[PDB]
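J.:
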Amino acid sequence: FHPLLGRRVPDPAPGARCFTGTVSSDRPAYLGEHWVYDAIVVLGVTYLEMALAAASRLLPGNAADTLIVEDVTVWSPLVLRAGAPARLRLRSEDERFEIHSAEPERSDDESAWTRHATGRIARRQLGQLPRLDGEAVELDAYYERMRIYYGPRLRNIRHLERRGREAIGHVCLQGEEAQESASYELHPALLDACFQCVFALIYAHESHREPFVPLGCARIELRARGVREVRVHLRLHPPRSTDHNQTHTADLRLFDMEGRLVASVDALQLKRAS
Ligand SMILES: [Mg+2]
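Read in order, the letters of the sequence shown correspond to residues 1702 to 1827, 1833 to 1980 in the authors' numbering.
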């Protein structure tokens, strides 16, 4: 019933919760539109959405309470072969979750599951967009350079301006992805677009070969569900090198078009893929 979580199955053991489903590069379609080294690689934002969705369904609270994911680590990428289904599983005990995948033919052998992401979930009962006066980032040149990594469903930044290591971007879903607001807590395409604003700032100064990949996130909090359009403020932490870096860290704040805070991301940790 969630496009990535699948369905909740009976608790495998007392106090242990579990969701399982099947995905492929064709469904959700955006899972087939991100590549690294010519392999289809599931975007890390997929795991953040699964965790937010699990928080909403497992943890108590008013519907309007904020959804929280903390201490996220991405352990192993999920590589899809075009059109071949993969079993996905999110398991939870207490506040901690794990996301694994398996070949459907081997999904009953517990040792056939590869761990992709882990963290903690929480729920809590319920800053402004700066006037940056930035320099416009030319997005067409960015998209054309990044098209070896990203397909046309994942080019959702409309405007981006920078000043120092900060930027404000306007991201808006379109096409099928804008029609799916009822399906996700925060559409992976929208959050990926916000993270790509960080990429656009980085790649002004260093190469997009061996591209940066999200490996961790200290905290993400979501205050409104089903958002299709935001302005995002991002701040890159001071880099270790002015030439070429293996890692970056960024904080982000997402606002609706009225300036109300929709989501906040603390210490997104990026590392170049080997
Ligand atoms: Mg990724």
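The beta-carbon is built from N, C-alpha and C at its ideal position, and this holds for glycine as well.
1) Specify the secondary structure class of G1857 as computed by DSSP and reduced to three states.
2) Strictly closer than 6 Å from CB to any heavy atom of ligand 1: give me those residues in the order they appear in the chain.
3) Could you give the distance in angstroms between the alpha-carbon of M1751 and the alpha-carbon of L1706?
4) Can you round the beta-carbon distance between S1726 and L1789 to whole angstroms, since I take them to be within the 8 Å contact cut?
5) Check whether the segment 1885-1894 touches the segment 1917-1925, taking contact to mean three or more Cβ pairs, one atom from each stretch, closer than 8 Å.
6) Would you say the segment 1954-1963 touches the segment 1926-1940, given that touching needs at least three Cβ pairs under 8 Å?
7) Could you check what DSSP says for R1821 in three-state terms: helix, strand or coil?
8) Excluding the 5 residues flanking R1934 on each side, which residues of the same chain have their C-beta closer than 8 Å to its C-beta?
9) Compare the Cα-Cα distances from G1965 to each of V1724, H1954, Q1834 and report the closest residue.
10) Can you tell me where the alpha helix (DSSP H) holding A1803 begins and where it ends?
11) Can you tell me whether DSSP reads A1906 as helix, strand or coil?
12) Whose CA, out of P1729, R1853, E1796, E1771, lies closest to the CA of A1973?
13) If you reduce the DSSP assignment to three classes, tell me which class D1972 lands in.
14) Name the two residues that bound the continuous beta strand (DSSP E) containing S1793.
15) Span of the beta strand (DSSP E) holding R1864?
16) Quick one: what's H1954 bridged to in DSSP?
17) Could you check the C-alpha separation between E1796 and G1820 for me, to the nearest Å?
18) Are there three or more Cβ pairs, one per stretch, closer than 8 Å when the segment 1803-1823 is compared with the segment 1843-1852?
19) Output needed for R1792: all residues of its chain with C-beta closer than 6 Å, excluding positions within five of it in sequence on either side, in chain order.
20) Which word fits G1932, buried or exposed, when buried means at least 16 other C-beta atoms lie within 10 angstroms of its C-beta?
21) From the DSSP output, in three-state form, read off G1707 for me.
22) Does DSSP classify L1744 as helix, strand or coil?
23) Would you say the segment 1864-1878 touches the segment 1900-1910, given that touching needs at least three Cβ pairs under 8 Å?
24) Could you tell me which of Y1731, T1721, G1840, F1702 sits nearest to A1899, measuring between CA atoms?
T.: The relevant details are as follows:
1) coil
2) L1744, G1745, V1919, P1920
3) 6 Å
4) Not quite, the Cβ-Cβ distance comes to about 13 Å (not below 8 Å), so this is no contact.
5) no
6) yes
7) strand
8) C1878, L1879, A1884, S1887, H1893, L1896
9) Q1834
10) From DSSP, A1803 is part of no alpha helix (DSSP H) but of the beta strand (DSSP E) over 1797-1803.
11) helix
12) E1771
13) strand
14) 1787-1794
15) 1863-1869
16) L1976
17) 9 Å
18) no
19) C1719, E1799
20) exposed
21) strand
22) coil
23) yes
24) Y1731
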